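# This one is an experimental structure. Sequence first:
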Amino acid sequence: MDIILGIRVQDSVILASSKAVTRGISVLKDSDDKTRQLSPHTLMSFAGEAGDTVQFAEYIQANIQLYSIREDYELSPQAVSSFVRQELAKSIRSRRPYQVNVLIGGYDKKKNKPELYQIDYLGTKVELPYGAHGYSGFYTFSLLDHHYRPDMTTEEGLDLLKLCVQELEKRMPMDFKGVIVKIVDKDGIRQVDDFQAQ
Amino acid sequence: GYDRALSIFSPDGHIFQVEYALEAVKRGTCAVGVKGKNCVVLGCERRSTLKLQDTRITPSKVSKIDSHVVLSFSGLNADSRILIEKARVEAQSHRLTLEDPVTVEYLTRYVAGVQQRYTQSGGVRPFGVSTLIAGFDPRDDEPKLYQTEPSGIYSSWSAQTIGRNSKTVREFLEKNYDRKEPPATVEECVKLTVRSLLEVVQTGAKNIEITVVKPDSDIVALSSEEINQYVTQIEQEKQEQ
Amino acid sequence: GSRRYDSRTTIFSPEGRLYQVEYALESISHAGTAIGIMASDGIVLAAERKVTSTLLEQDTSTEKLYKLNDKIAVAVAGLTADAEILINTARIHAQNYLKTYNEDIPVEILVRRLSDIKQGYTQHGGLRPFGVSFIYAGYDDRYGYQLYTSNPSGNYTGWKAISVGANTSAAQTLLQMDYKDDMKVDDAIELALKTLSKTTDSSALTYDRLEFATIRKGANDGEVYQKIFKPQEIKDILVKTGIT
Amino acid sequence: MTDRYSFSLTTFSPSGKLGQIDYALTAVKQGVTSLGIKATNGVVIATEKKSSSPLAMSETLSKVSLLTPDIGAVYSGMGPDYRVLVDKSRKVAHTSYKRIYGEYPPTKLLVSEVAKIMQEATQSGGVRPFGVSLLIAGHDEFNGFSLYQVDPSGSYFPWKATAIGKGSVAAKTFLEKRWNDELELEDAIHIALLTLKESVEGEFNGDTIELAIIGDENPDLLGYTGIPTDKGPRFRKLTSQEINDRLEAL
Amino acid sequence: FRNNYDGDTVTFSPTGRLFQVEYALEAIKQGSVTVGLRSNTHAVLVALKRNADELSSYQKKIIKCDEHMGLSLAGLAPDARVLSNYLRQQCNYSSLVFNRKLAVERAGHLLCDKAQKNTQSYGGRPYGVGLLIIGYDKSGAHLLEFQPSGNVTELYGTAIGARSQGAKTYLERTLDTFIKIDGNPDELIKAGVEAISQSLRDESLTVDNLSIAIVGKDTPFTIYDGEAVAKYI
Amino acid sequence: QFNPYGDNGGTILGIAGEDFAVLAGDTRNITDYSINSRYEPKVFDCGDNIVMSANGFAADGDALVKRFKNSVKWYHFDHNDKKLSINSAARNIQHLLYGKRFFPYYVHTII
Amino acid sequence: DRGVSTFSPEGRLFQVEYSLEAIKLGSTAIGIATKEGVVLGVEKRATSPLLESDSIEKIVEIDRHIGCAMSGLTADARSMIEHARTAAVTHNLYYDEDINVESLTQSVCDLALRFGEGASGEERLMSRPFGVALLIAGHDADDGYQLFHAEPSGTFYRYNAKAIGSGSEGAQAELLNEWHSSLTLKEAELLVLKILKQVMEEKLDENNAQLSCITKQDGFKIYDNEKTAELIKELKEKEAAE
Amino acid sequence: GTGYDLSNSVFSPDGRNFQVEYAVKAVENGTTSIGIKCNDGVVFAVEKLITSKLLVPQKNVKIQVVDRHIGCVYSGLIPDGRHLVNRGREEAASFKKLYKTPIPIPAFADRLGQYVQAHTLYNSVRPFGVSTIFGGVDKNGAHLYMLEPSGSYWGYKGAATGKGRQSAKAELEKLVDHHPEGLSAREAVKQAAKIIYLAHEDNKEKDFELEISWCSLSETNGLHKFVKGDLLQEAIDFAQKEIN
Amino acid sequence: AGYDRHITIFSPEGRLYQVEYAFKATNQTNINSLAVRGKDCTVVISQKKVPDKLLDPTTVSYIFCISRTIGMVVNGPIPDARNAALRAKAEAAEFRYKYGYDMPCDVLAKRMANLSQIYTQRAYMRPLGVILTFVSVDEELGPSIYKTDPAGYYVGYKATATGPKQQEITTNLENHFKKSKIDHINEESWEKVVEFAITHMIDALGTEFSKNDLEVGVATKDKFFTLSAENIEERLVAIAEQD
């Protein structure tokens, strides 16, 4: 499948997501962004079923933005993820369930702490220091389990990722065409346009 | 199950329910809006029949339908909410499908349609509301100011007012707003606005709130002080004569 | 057909007013008075029970002060039966919000929801409006202590201190007189009692004809607490403030 | 066909009154008196069986009904409306409580339920309020014995003792003299029978009177034995005979 | 009197009348005139088209329901559109399902039953239009007169609309004559145009004012407007 | 289980001349190895100078034709006897067919 | 009260009649049909000098070969234009061709009587008749250029020229003389511009009046203020010239 | 007060339903018709006012058949009559479909009865402006019935309704006495053609066309059939001969 | 203001006029009826008044056979009475199907009264101007008489009467019971109970009947039936030899 990695360091959350988009025999795109910004300080990455993936993302996005405007306030990463879990958990027993896995990473401007939530298509939500979806974890978790420290600087975080991405490029069968990385901190969401050779 | 036709024509060709819906607007507090050359300003008056409120949490008179468009109104408050809501939802829906925020004209057109529909549907009475919608189209720098009413009709204005004593204040604006040279400053624009409100608010430092909307989702409301400062200088303009 | 008997509850008067709402408000003005006063460290809700008897049970009672949430409570003025219908839907909204976001419903959101339900019966359905007015007192981590008021028109507002029911006119003037922004819960509790006391239509103001509730944030904890004073606790605070 | 009556039949008047509710109450005033007294170990409700013809069998018509094995109700106003209310109540008690929690509902709740029903007939489309007032008396493990009154408005209040109907005013007064917070069940039955006599014009015996109590558990009225936790219903209807016995020492 | 019982169709007068229905009828009489007559081989419709200004067209009054059936209207144009349309379906249903051509006498029953419904229930309103249906089926030529009251009648000829009483007396006299114009269409038409003028009074039926339709033994219901009728003016 | 489809064979041909057009088709109707009829017209005249043939599963072919023909009729009813150009009939037929996109008319059709 | 679709003792529908009275209070709109095209003109009629006169839309395009003008309660025409546009497009989709001007009109008129509180016949949900009349103008290969007038009654007429609005009876009697079966497009534009000037409460100028036409070659176009102002001028000249 | 006759299902102070009564007026105002029950069948005859000479004779049929064995004739508002018969036809089919045996006359009567009585229950509908005479032959006998707008219906030996209802009734009462042992199908047909003729005197101003139908176990085999041609003339004459 | 008289809503006095007027309707037939209980049977008698000679007397009845065991007599217009009977039969047929045993008289009575009460509260449904008297020999209560009215009220009687001259029949029977001290006709055969009824019917109404002036229904263990002109005749004859 696709790559969905997330790591909560000291003062931020980092999301790495593969850029490839393959439809059977060919690789249609190598510059895809498997992420949406739900609020100025909350980001969501996603992977899964061909169509449901973006549709779900954009549906969740629209709702969070509507809440923001209605209340002139930003829901906490926790609230946002609880809302997303309920959405997934509802469609699991519906006629046609959304087959999407997500990673929600945001910075709680109220508690002044970064947060990382992992939710699978079933509606199983869990808060973690770092997480991945699909086969991604099978390779990276041992590295992260080893090198992870709660007080890592954003810089140490990116180095740890870079390490995971390398293990993924070595042992994993498919070419996911590298990743796009993004940082969520007290100052919002920004993309590290230099990971192709950092 | 309830469909009784409440809004119907009368012998002279009037739809009294819409007519009376308008009388409700006349009663609502006054609201005004004037467009500059690179901004639009919205002024409204706060009542004083009862005072001891908590302005922090009490609903304000100018609402954001989206980051780049605001909406103010005159008439029944409870009704305005229902419209504000549908507008905000339609605003998000539009971004979700057309992949671009709404243009002020469109958002206005939508709100007006809603109002109109309630004039010829059974079991419902018209909205006792009239509105001012202002903002800047996406990636545009030309200001937009629109106004809608119970009838369902809408149109744009260089400046306009709705609510009680809107006649008086409209008159002020008709002989004080030169289309040839519209307030070229965010400054002089807010001034012209306050000046008009002062014709009806009768001394109301806390009874007058202004909001300034500029290009690229730049909306902001002034605090009693900034306003009070405008009032203070405007009252001197008269006594220096 | 039926058109003949249809009162047309949702129409505009020639003066742009809503008949039923105006009348419902009139109805409310005969209801026991309820007061809400907000201090820097808490909110106080006090209401007067309209008409009583010697045999009326006052322990197993709670006709005007209802708990909506763990942090939100309301004081009612009007048809209790209607009030209960709205209260129950309100308690549901609160729980849905919690179940959806794992956070307590912000006071204003809950108040708005209820006001909209009321506003509905105003614009469609040909049913009579709910003859009820609420004073909401709650706390949330975004505005802390808040006090709100909603009436049959579906309109709502925020206050420092407010009253609903009968003699709101007199009561509001008294409140607007001895209220000060730096008040303290116990000052309010006292102010409240005084006000109800000077605007009652009864001989004296006794404990059995009252309801009292306070939302304080007990310094010894760090969280919020709702207290609906019991018959005894009301008798006490009634002697202390000096009314015996 | 089709109910075109989808609008309210009860609306607010300029004065602020709800016509139909007032009228419904007026109808209750014309009804035969009924009352309830709360003792410290039981509650008693009773009313007068006003027969419509000496050919009619007044047994085949109970004005005092059992809602649950620990809750009974009596009324004043319109017989039919009471009847259906009793049915709707007995059901709401199962569907909204027993079928969920596995035990009967506590008095205040069931009352709150009955009140809800009556309230709806005050705002729902095309209907008139119920023309009755009820006095419901029950006992639940965590509240003990209680007594409530429910009006056509849908409002309800708890009482130590009270009466409704024809001569409510007079009877309410009579109770305010004889009631105290130390009354034993038997005492209330006595007081009850007395307050009831002042209303009754004709024959005052165990055939023209209907009376029931909410006291101790009657395991002889359970129908089976084997479950220690099931001890019997606290609601018993006094027999024609049992009444007279207490009438002689009146 | 009347004032209190003409509120809607669901109400009966104390005398037993249905005003709303009667009022609907009045919209017919206020309508333009049209006539119908048939022989034993053909059936003809001649209608006088009315106009608003001298810059407005003359509202068509002849409608074809099928290859063997058609009608003329007197009153509310819309209601005729509704009815003709419903009738078009009934014919269509008959051809498709039973591969049978709908009996003119049966189209009448259908129209009657449909109209009747709008006179027994609340909310509705009687159809404000009269109709003359002509057609050639398995039992020869036919002509029907339809009333918003729900009464449909089979005749040899007739007319409805304003002044319709003229042509109706004329045809009542010319009976034995036209009823025998079998084999000669042009005759029935001239005979119809002669009855149609019996109710004129304002102007003379011009080219783009006369409207004529015909059906019969070997003639698929067809409409004639303008120069097509010039040879009959 | 019940199969809603069948194959009645037959073939149809359509050639367009510079100012004419032909639409031919045999007249045999079959079912497996049996012949149901040696003469069952498969090509039709629908009016407005249009010939059409829906070959494949008989029942479906007939229903389609019948529907199309009746479509022509209403085209006249609704647009003052205007003539249905062949290009319009084509487009119209597409909608008729695609209307059963998820329970197809088992026929190859030519006009 | 009384059925919202009741007959008067004269055989007329109250609501439909009263609907007509409302239209008599609307801005004037005029249409002239010629063998060179049809012309639609409307009186903007602002209600205050602050109102940006060009945001007044009383002449809309239904399709490239059909356009129309409105009069009376203009808000009520939104859904009519909507239903109209949709019908035109839908027709094109189903038939690969342009919807006949008359057809489009008949379709719009079909909504007209879909009102009441439960009239036994289908599902007519709309509490009252439309308080607006339309002048649908367009062209098709079968009947060339056409001008239609659609009313809230459901009936529609074809005119060679027609005016609706406050000054209709006046301007109509006017068109009676002026119209002949051989006017040119230019003649019509001026003629329309002329009659508007007579019935308008304001002094006609390129800002409170709007023109437009529909020609088989370029379809429906609305005349921009510059182009119109000129015909205003050009008109003033030919009027002073005798 | 008053106004007890403006809405359908309303009870007046005396217990009447004026709207139903007003419906009757609509009946008495229409043409007349009768039903004669012979010893093994029934005969229906009805007057047909010949407004003009344009009315094709033998074409505007008014008698109707329900199923194969039932005949219905009605006086008043023709459309309402047809409506009532359409319902009857569906009602009958439904019965035959479920029970196989064609619907018994008494059973069919009640079906119409309930359906008509229904239109006097709601004010959203108008009562039927017709009285109906119907009957036929079933498993055990022949039955004649007459149904009123009030939904009331009874079994009859002979019955009539409309303009000349009293005339007819008079003639019928005679037949019932001068033929105590029973009348035959053949007889009734003539007798009926007569009754119509006499009863036509209360509307003698216009020319009329006669119409008869019958259902005799022996003559029609139990099926409802119309009387035409020779057999019809034989009765027209039998009347024309006694009308003088 | 004045419409509180047309639909079933309370009047300022707390009355429901439409229900009151409904009661009025029940006397429109001007027919009287009474029911009495045997030792083990129940009898109902009702006047049969056939005005027109053109009517088939066997089709004129106000007594119905609800079920194999329940009989119901109606006082009021026939259309409403038939409406009520149909519903009552359907209700009795269904009850059996759903619960596995014949619907008791008092139960059907209650159910009908409940249905009647609904028309008392809902506005589009008008009350039925009829009074239903149900009778039978319940397998648990023995001879039974239950009556309901337009108000939705119902009760069981020892015996009862309905109609214009209702009060006379009542005080008549009323006296017979004060005298006999038992609450029922003490007889073994129903033929005698029927006679007792026809008697006290005459003694109260003050009129004599022929075999075509009455109508009699009898309820017994497992069956309810109506007597014929002749079965009745044989009854009139028996009371003829004693007076």
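Received, thanks. Numbering: from 1, shown residues only, chains lettered A, B, ... in the order given.

# got the contact list for the lengthiest helix in chain H?
Longest helix in chain H, counting residues (DSSP state H): helix H:78-99. Residues from elsewhere that reach helix H:78-99 (Cβ atoms under 8 Å, 6 or more residues apart in numbering or on different chains): E:109, E:112-113, E:115-117, E:119-120, E:149-151, H:62, H:64, H:66-67, H:70, H:72, H:74, H:102-103, H:107-108, H:111-112, H:115-116, H:128-130, H:132, H:134. Heads up, the C-betas are built off the backbone N, CA and C, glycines and all.

# can you pull the alpha-carbon coordinates of it into PDB?
Extracted in PDB, the C-alpha atoms of helix H:78-99 (Å, rounded to 0.1, in the frame of the first residue of the first chain):
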ATOM      1  CA  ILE H  78     -74.400  11.500 -12.400                       C
ATOM      2  CA  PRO H  79     -70.600  11.800 -11.900                       C
ATOM      3  CA  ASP H  80     -70.900  10.900  -8.200                       C
ATOM      4  CA  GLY H  81     -72.900   7.800  -9.200                       C
ATOM      5  CA  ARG H  82     -70.200   6.600 -11.600                       C
ATOM      6  CA  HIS H  83     -67.600   7.200  -8.900                       C
ATOM      7  CA  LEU H  84     -69.700   5.100  -6.400                       C
ATOM      8  CA  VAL H  85     -69.900   2.300  -9.000                       C
ATOM      9  CA  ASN H  86     -66.200   2.300  -9.800                       C
ATOM     10  CA  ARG H  87     -65.600   1.800  -6.100                       C
ATOM     11  CA  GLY H  88     -68.300  -0.900  -6.100                       C
ATOM     12  CA  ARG H  89     -66.600  -2.700  -9.100                       C
ATOM     13  CA  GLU H  90     -63.200  -2.700  -7.300                       C
ATOM     14  CA  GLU H  91     -64.900  -3.800  -4.100                       C
ATOM     15  CA  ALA H  92     -66.500  -6.700  -5.900                       C
ATOM     16  CA  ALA H  93     -63.400  -7.800  -7.800                       C
ATOM     17  CA  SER H  94     -61.400  -7.800  -4.500                       C
ATOM     18  CA  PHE H  95     -64.100 -10.100  -3.000                       C
ATOM     19  CA  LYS H  96     -64.200 -12.600  -5.900                       C
ATOM     20  CA  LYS H  97     -60.400 -12.600  -5.900                       C
ATOM     21  CA  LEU H  98     -60.200 -13.600  -2.300                       C
ATOM     22  CA  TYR H  99     -63.300 -15.800  -2.000                       C
END
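
# sorry, back to before: next step: the contacts of helix H:78-99 restricted to helices.
Short answer: the contacts of helix H:78-99 in helices (DSSP H) are E:109, E:112-113, E:115-117, H:107-108, H:111-112, H:115-116.

# wait, residue A:158 sits on residue A:194?
No. The pair residue A:158 / residue A:194 is not scored as a contact, 9.9 Å apart, by Cβ atoms under 8 Å.

# do the longest strand along chain D and chain C meet at all?
Using DSSP state E to define each element, chain D has its longest strand at strand D:132-140. No. Judged by Cβ under 8 Å from any Cβ of the partner chain, strand D:132-140 makes no contact with chain C; its nearest approach is 11.3 Å.

# Does that strand reach chain I?
No. Judged by Cβ under 8 Å from any Cβ, strand D:132-140 and chain I are separated, with a smallest distance of 11.2 Å.

# partners of that strand in the sheet?
Strand pairing for strand D:132-140, using DSSP bridges, gives strand D:71-77 (antiparallel), strand D:144-150 (antiparallel).

# Could you list the residues in contact with the helix or strand just after the last one?
With elements assigned by DSSP states H and E, the helix or strand that comes after strand D:144-150 is strand D:156-158. By Cβ under 8 Å, 6+ apart, the surrounding residues in contact with strand D:156-158 are C:56-57, C:60-61, C:63, C:80, D:108, D:111-112, D:114-115, D:146-150.

# The closest residue to residue C:81 other than its chain neighbours and residue D:131: what is the separation?
Counting by Cβ to Cβ, 6 or more residues apart in numbering or on different chains, residue D:154 is the residue found nearest to residue C:81 once chain neighbours are left out, at 2.9 Å. Residue D:154 sits 13 Å away from residue D:131, going by Cβ to Cβ, to the nearest Å.

# Does residue I:208 touch residue I:202 like I think?
Yes. The criterion here is Cβ under 8 Å, and residue I:208 meets it with residue I:202 at 6.3 Å.

# These two: who's more crowded?
Counted by other Cβ atoms under 10 Å in any protein chain shown, residue I:208 and residue I:202 do not tie: residue I:202 has more neighbours, with 15 against 8.

# Give me the distance between the more buried one and residue I:187.
Distance of residue I:202 to residue I:187, computed by Cβ to Cβ: 18 Å.

# what's the answer for residue A:92, then?
To residue I:187, residue A:92 is 75 Å away according to Cβ to Cβ.

# And residue I:160, by the same measure?
Using Cβ to Cβ, residue I:160 is found at 18 Å from residue I:187.

# Which of these two has more residues huddled nearby?
More crowded of residue I:160 and residue I:187, by other Cβ under 10 Å: residue I:160, with 26 against 17.

# Of all residues in chain D, which one is closest to chain C?
residue D:154 (2.9 Å; Cβ to the nearest Cβ).

# is the helix or strand containing residue H:47 anywhere near chain I?
Using DSSP H and E, the element containing residue H:47 is strand H:41-50. No. Strand H:41-50 stays clear of chain I (Cβ under 8 Å from any Cβ), getting no nearer than 11.9 Å.

# helices or strands next to that strand in the packing?
strand H:33-37, strand H:70-76, strand H:130-138, strand H:141-147, helix H:185-198, strand H:207-216 (3 or more Cβ pairs under 8 Å, 6 or more residues apart in numbering or on different chains; DSSP states H and E).

# dump the residue contacts of residue G:116.
Neighbour list for residue G:116: B:5, E:123-125, G:3-5, G:124, G:126 [criterion: Cβ under 8 Å, 6+ apart].

# For the lengthiest helix in chain F, enumerate the helices and strands it packs against.
With secondary structure taken from DSSP H, chain F has its longest helix at helix F:58-78. Helix F:58-78 sits against helix E:77-98, strand F:51-56, helix F:86-98, strand F:107-110, with contacts defined as 3+ Cβ pairs under 8 Å, 6+ apart.

# and the gap between residue E:41 and chain D?
According to Cβ to the nearest Cβ, to the nearest Å, residue E:41 stands 48 Å off from chain D.

# how about the strands of chain G, start to end?
With strands called from DSSP E, chain G shows them at G:29-34, G:37-43, G:59-63, G:66-72, G:132-140, G:144-150, G:156-159, G:161-164, G:209-215, G:219-222.

# Nearest to chain F, out of these?
Between chain F and the strands of chain G, the tightest spacing by Cβ to the nearest Cβ is seen for strand G:132-140, at 9.2 Å.

# Save the ones in helices among the contacts of helix H:78-99 as CSV, and put in distance to chain A too.
Listed next are the ones in helices among the contacts of helix H:78-99 as CSV, based on distance: Cβ to the nearest Cβ, whole Å:
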residue, distance to chain A
E:109, 47
E:112, 48
E:113, 43
E:115, 45
E:116, 45
E:117, 40
H:107, 48
H:108, 48
H:111, 44
H:112, 48
H:115, 43
H:116, 47
